[PDB]
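Here's the structure we're looking at; comments come further down.
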Amino acid sequence: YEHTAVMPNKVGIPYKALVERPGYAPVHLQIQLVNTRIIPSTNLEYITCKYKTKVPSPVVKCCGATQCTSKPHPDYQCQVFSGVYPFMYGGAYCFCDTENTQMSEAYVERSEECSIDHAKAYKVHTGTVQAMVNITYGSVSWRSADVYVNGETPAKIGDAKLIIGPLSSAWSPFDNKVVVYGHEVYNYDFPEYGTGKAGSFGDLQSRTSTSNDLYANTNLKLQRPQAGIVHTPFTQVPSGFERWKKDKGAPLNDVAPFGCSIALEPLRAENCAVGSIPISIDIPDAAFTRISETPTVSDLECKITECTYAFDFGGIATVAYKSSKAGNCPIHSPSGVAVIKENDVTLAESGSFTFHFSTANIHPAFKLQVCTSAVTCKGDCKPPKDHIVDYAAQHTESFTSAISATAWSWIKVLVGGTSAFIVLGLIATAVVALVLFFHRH
Amino acid sequence: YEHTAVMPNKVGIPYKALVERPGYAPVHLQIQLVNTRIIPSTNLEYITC
Ligand SMILES: *[C@@H]1O[C@H](CO)[C@@H](O)[C@H](O)[C@H]1NC(C)=O
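As C-alpha cells, then:
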C-alpha cells in the first residue's frame, strides 16, 4: 500500500503518521531523517598558493657585454646591468672597470608548501541532493538506507519501497564561486585564470598542483646589484595568498544559514533545515491486519494530567479505555497540535494507559487516534521554566498557539461588540426608513 | 531546581511546602529555624569599675 505525504526537512525530528488501508487496521509509520546533504557539482578552476622566487646565478661578463633573451618562465625577468665591478674573497673579479656587465635573471615558481598549503578555486553548479532515512513500520524495527532526494529513484528499505521527492526549495549555501582552503569553504569571487593581480588572491594561479604551466603576476623587478657585490637583488609585491590568508575573513562554515554544516569530501552542505520533502512509501501487504483481526477499542476518555509547552515532551496524559482481545494498539495524533512520544501501547480488557506529548498550544485540543477508534484530549499548559535549552523543539508552533482563553474572550468581546454596535446602527436606519415609508403610505 | 518562598521569622515553627517541578512528582520540603542571632558590630569605648 502506497502512502503519500509531505514531511518537513528537519534532521533528528521524526515524521509520524498512520497508514490507513481500507479493510485493514492502520499501520503506524515513522520516518526520520538521519542526515541531509546538498552535493553541488564542482569544477576545479585553478590552485592558488604562495609563490617562490627562483634566481639563477647571474652571468658576470668581464671586459664585455651580454644580452638578455626571453624564456618561457612565469613572470620571467632579465636585465643587463652594465658597468659593474664586483669583488669576491679572491679580490677584484674583473679587470675592466667600465666595459663590465652583469646579467641578472629571476622567475616565479610554486613554493614547496604549495603541495600542502594551497587554496582550491571551484566553480559550483547545482547538483544531486542526498539524504539518509531511518524508517519503521508496524512490528518491523528500524531500517535505514541512503536515498536520492529527486522524486524518481526508489529505495528498498526493509522490503518497503521509498520514494523521496525533491526539496521544496532549491536554495543552496554555495555561490557560483567558492574557495576551498583546508577544511573551510569561502564564498569568494576569485579572479578568473590568467587575470590575477599582484598582491591579490589570484597573483599565482595553477590549473593543478602538478601543472607544468604556471601563471604568475607579481611586480618582479630586478634591481641593480650593489657596488662591488655579486648578487641578484629584486623587488616583488608580497604574496597575495598570505595576504588573503590574513584577510580571508569568516568562512562559509561559520555564516551558512539554516545551520548548514560544510564538508569537503565531496564538497557539500549538510543538515540544511530548508523547506519540506514530499515522500511516498509502499508498505508491505504482510504488515497489515484486518479490522476483525485486531482489538476493538471503545469507551475512550482522555485526561491531561500535566502539561507545559516546553520544547521537550513536557505533557503527560491518561487515557481510560475498554477493549476486546486485549492486544497491542497503535497510538497517533493526526492533528499538528501535539506530537505523541509513544508509538503504540498494550491494551487490556479494561483499564487506562498514559502517553507523553509536546505542544506549543497554551490550551491543547487534539484528536488522538487509537487503533480503529479516536478520542479528543483537552487541557491547559503552563509556561516552561528554562529560558534557553540545548535541544530543538519537538513541536511546531502555530499562529493561534499562544492565544489563551482569556485572549480569545477579549477578541470575541471586541469583535462582537463592534459588529453588534454597527449592526444595531444599520437595523435602526432600515427600521426608521420603513417607518417613514409607512408615514407616507 | 530552585524553590523560592517567604517563611515567617519564627523559631521552632517549621515551614512546609511542596516543590513542584514540571514533569516530576512534587518533593516535600521542610525548613525549620533552630535559632536566629542578630550579631551587631561593637567597639569598646572604655571600661568602668
Ligand atoms: C534509527 O533509530 C534507532 C532508534 O533506536 C537507532 O538505534 C538507529 O541507530 C537509527 N538509525 C541510524 C542509521 O542511525
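Which chain is which? The protein sequence lines are G and A, in order. Quick note: the first sequence, position 158, residue 158 per PDB author numbering, numbers continuous. Quick note: the second sequence, position 17, residue 17 per PDB author numbering, numbers continuous. A virtual CB, placed ideally from N, CA and C, is assigned to each residue, including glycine.
DSSP beta-bridge partners for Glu306 of chain G?
Start at 1 with the first residue of the first sequence, and residue 306 of chain G comes out as number 306. BP columns for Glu306 of chain G point to G:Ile316.
Assuming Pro251 of chain G contacts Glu192 of chain G under a Cβ cut-off of 8 Å, what Cβ separation, rounded to an integer in Å, is found between them?
For the purposes of this step, residue 251 of chain G is taken as the residue at position 251 of the first sequence. For the purposes of this step, residue 192 of chain G is taken as the residue at position 192 of the first sequence. The pair is not a contact, with the Cβ atoms about 22 Å apart (cut-off 8 Å).
Cα separation between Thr69 of chain G and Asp203 of chain G?
In the first sequence, counting from the first residue as 1, residue 69 of chain G sits at position 69. In the first sequence, counting from the first residue as 1, residue 203 of chain G sits at position 203. Straight-line measurement puts the Cα of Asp203 of chain G at about 24 Å from the Cα of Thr69 of chain G.
Could you pull the DSSP bridge partners for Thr376 of chain G from this structure?
Within the first sequence, the letter at position 376 stands for residue 376 of chain G. When beta bridges are read from the DSSP output, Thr376 of chain G appears opposite G:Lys367.
Neighbourhood of ligand 1 [Cβ distance below 7 Å to any heavy atom], ordered by chain position
Listed by chain position, these are G:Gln32, G:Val34, G:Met132, G:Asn134, G:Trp142, G:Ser144.
Spatial distance of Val435 of chain G from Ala407 of chain G (CA atoms):
Position 435 of the first sequence, counting from 1, holds the residue named residue 435 of chain G. Position 407 of the first sequence, counting from 1, holds the residue named residue 407 of chain G. Within the model, the alpha-carbon separation for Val435 of chain G versus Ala407 of chain G is close to 41 Å.
When you check each C-beta in the stretch 338–372 of chain G against every C-beta of chain A, which residues fall closer than 8 Å?
Along the stretch 338–372 of chain G, none of the residues has a CB nearer than 8 Å to a CB of chain A.
Does the stretch 105–119 of chain G come within contact of the stretch 8–27 of chain G, defined as at least 3 CB pairs closer than 8 Å?
By the Cβ rule, the stretch 105–119 of chain G does not count as touching the stretch 8–27 of chain G, because fewer than three pairs are nearer than 8 Å.
Taking the Cβ atom as the reference point for each residue, do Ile316 of chain G and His363 of chain G lie within a distance shorter than 8 Å?
In the first sequence, counting from the first residue as 1, residue 316 of chain G sits at position 316. In the first sequence, counting from the first residue as 1, residue 363 of chain G sits at position 363. Note that the C-beta distance between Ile316 of chain G and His363 of chain G is not below 8 Å.
Same chain only: Cβ atoms within 6 Å of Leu29 of chain G, ignoring 5 sequence neighbours per side:
Counting from 1 along the first sequence, the entry for residue 29 of chain G is found at position 29. Answer for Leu29 of chain G: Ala17, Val19, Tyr137, listed in chain order.
Going straight from the alpha carbon of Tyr85 of chain G to that of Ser104 of chain G, what length do you get?
Walking along the first sequence from the start, residue 85 of chain G turns up at place 85. Walking along the first sequence from the start, residue 104 of chain G turns up at place 104. A straight line joining the alpha-carbon of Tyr85 of chain G with that of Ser104 of chain G spans about 15 Å.
Nearest residue (CA-CA) to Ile157 of chain G, options G:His231, G:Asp282, G:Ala65, G:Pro266:
Against the first sequence, residue 157 of chain G aligns to sequence position 157. Scanning G:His231, G:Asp282, G:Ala65, G:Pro266 for the CA closest to the CA of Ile157 of chain G turns up G:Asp282.
Any beta carbon from chain A within less than 8 Å of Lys382 of chain G's own beta carbon?
As a first step, residue 382 of chain G must be located in the first sequence, where it is residue number 382. Yes, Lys382 of chain G lies at the interface with chain A (some Cβ there is under 8 Å from its Cβ).
Counting only beta-carbon separations shorter than 8 Å, does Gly23 of chain A have a partner in chain G?
Here residue 23 of chain A is taken as the residue at index 23 of the second sequence, counted from 1. Yes - at least one Cβ of chain G is within 8 Å of the one on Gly23 of chain A.
Under DSSP, the alpha helix (DSSP H) around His439 of chain G begins and ends at which residues?
Here residue 439 of chain G refers to the residue found at position 439 when the first sequence is read from its first residue. That run of the alpha helix (DSSP H) goes 405–440.
Relative to the C-alpha of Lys322 of chain G, which residue among G:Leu347, G:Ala310, G:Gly199 is closest?
Working through the first sequence from its first residue, we reach residue 322 of chain G at position 322. If you compare the alpha carbons of G:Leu347, G:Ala310, G:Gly199 with that of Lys322 of chain G, the shortest gap goes to G:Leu347.
Between the beta-carbon of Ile39 of chain G and the beta-carbon of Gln130 of chain G, is there less than 8 Å?
By 1-based counting over the first sequence, the position of residue 39 of chain G is 39. By 1-based counting over the first sequence, the position of residue 130 of chain G is 130. The answer is yes: Cβ separation under 8 Å.
Short check: CB of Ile31 of chain G to CB of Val133 of chain G, under 8 Å?
Within the first sequence, the letter at position 31 stands for residue 31 of chain G. Within the first sequence, the letter at position 133 stands for residue 133 of chain G. Going by C-beta atoms, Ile31 of chain G is nearer than 8 Å to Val133 of chain G.
Positions along the stretch 241–262 of chain G whose CB lies within less than 9 Å of some CB in chain A:
Those residues of the stretch 241–262 of chain G that come within reach of chain A (Cβ to Cβ, closer than 9 Å) do not exist; the list is empty.
Report the partner residues of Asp146 of chain G according to the DSSP bridge assignment.
Counting from 1 along the first sequence, the entry for residue 146 of chain G is found at position 146. According to DSSP, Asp146 of chain G bridges with G:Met132.
Could you tell me whether any Cβ in chain A is nearer than 8 Å to the Cβ of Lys303 of chain G?
The count along the first sequence starts at 1 and reaches residue 303 of chain G at position 303. At a cut-off of 8 Å between beta-carbon atoms, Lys303 of chain G makes no contact with chain A.
Interface partners of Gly314 of chain G on chain A, CB under 7 Å
The residue labelled residue 314 of chain G in the question sits at position 314 within the first sequence. Within 7 Å Cβ-Cβ: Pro22, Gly23.
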